[PDB]
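What follows is a short report on a single structure.
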Amino acid sequence: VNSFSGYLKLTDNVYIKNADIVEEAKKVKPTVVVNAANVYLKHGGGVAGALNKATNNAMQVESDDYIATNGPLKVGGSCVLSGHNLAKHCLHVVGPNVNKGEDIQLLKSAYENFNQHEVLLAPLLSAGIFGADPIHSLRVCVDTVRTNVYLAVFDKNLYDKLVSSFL
Ligand SMILES: CCc1c[nH]c2ncc(-c3c(C(=O)O)c(C)nn3C)cc12
């Protein structure tokens with residue numbers, strides 16, 4: 001039993017809810033919240049900008065030190081950093097950004113990072129300002145992640161479309 005509430009069950013291990021991932025993280029304080037990161041961990045907008053703002057920019061300060069030491073992530077890669085006031089840990093995962101021409105096949109590699117964590121609160125990778133089709137992102141998630149994932153979808157219209165079209 002865990003503390004996640006109000007989710008629709010899609011499969012044995014995937015759950016989905018119309019929610020703001022920031023407010024959901026604040027309320028549950030999950031072990032892991034996933035950030036929709038870019039390779040530079042520049043958390044300017046989208047999910048990343050919202051998560052970072054909620055940490056009062058502490059996520060960005062930590063991230064800048066990480067990049068200065070380690071260099072950029074790979075598209076499809078991830079790193080574990082602090083969850084600050086939102087979670088124990090933040091798993092920063094880089095899905096391909098279609099608006100940069102990145103290969104959508106890398107979306108499966110991105111979701112494979114979730115399998116290193118037993119339970120996660122997450123957005124749909126490569127959705128929103130990353131330009132991919134969220135219906136496709138949900139399909140890759142379900143077909144790749146084997147651990148227990150709780151997906152937060154900000155847009156109510158999109159959430160209803162994702163549920164109604166789910167095979
Ligand atoms: C609609 C207003 C809004 C405020 N904050 C948001 N955060 C994320 C998304 C969003 C998501 C998500 O993860 O829910 C996905 C997937 N695509 N898009 C575009 C939308 C908003």
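None of the figures in this text is laboratory data; all of them are computed from the coordinates on show. No Cβ is skipped: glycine too gets one built from the backbone with ideal geometry, and neighbour counts run over all protein chains shown.
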Distance (nanometres) between label positions extended 7 Å along Cα→Cβ at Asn70 and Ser3: 2.6
For segment 144-153, 3J(HN,Hα) per residue [Karplus equation, 6.51 cos²θ - 1.76 cosθ + 1.60, θ = phi - 60°, Hz, x = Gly/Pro]: 10, 7, 10, 7, 8, 10, 10, 8, 9, 10
Segment 1-129: C-alpha gyration tensor shape, a/c 1.5 cut-off, then a/b vs b/c: oblate
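Working out 0.36 nm times the residue gap between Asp133 and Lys161, then minus their Cα-Cα distance, what length gain in nm do you get to one decimal?
Working: separation 28, 0.36 × 28 = 10.08 nm, distance 1.17 nm.
Once the chain is fully extended between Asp133 and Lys161, it gains 8.9 nm.
Can you compute the helix-only [θ] at 222 nm over the chain? Use -39500 (n - 2.57) per DSSP H run of at least 4 residues, normalise by all residues, nearest 500 deg cm²/dmol.
Computed ellipticity for the chain at 222 nm equals -10000 deg cm²/dmol.
Arranged from highest to lowest average of other beta-carbon atoms within 10 Å per residue, in what order do the peptides 54-61, 7-14 appear?
Numbers: 54-61: 16.5, 7-14: 14.1.
Highest mean packing first, the order is 54-61, 7-14.
Can you give the Kirkwood hydrodynamic radius of segment 1-67 from its Cα pairs, in Å with one decimal? Write out the running numbers ahead of the final one.
Details: mean 1/r = 0.0750 Å⁻¹.
Hydrodynamic radius (Kirkwood, Cα only) of segment 1-67 equals 13.3 Å.
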Two-decimal log10 I(q)/I(0) for segment 61-124, as the Debye equation yields it once each C-alpha is a single scatterer, q = 0.17, 0.21, 0.23, 0.28 Å⁻¹: -0.66, -0.96, -1.08, -1.25
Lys42 paired with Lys29, simple spin-label distance in nm, labels 7 Å along Cα-to-beta-carbon: 3.5
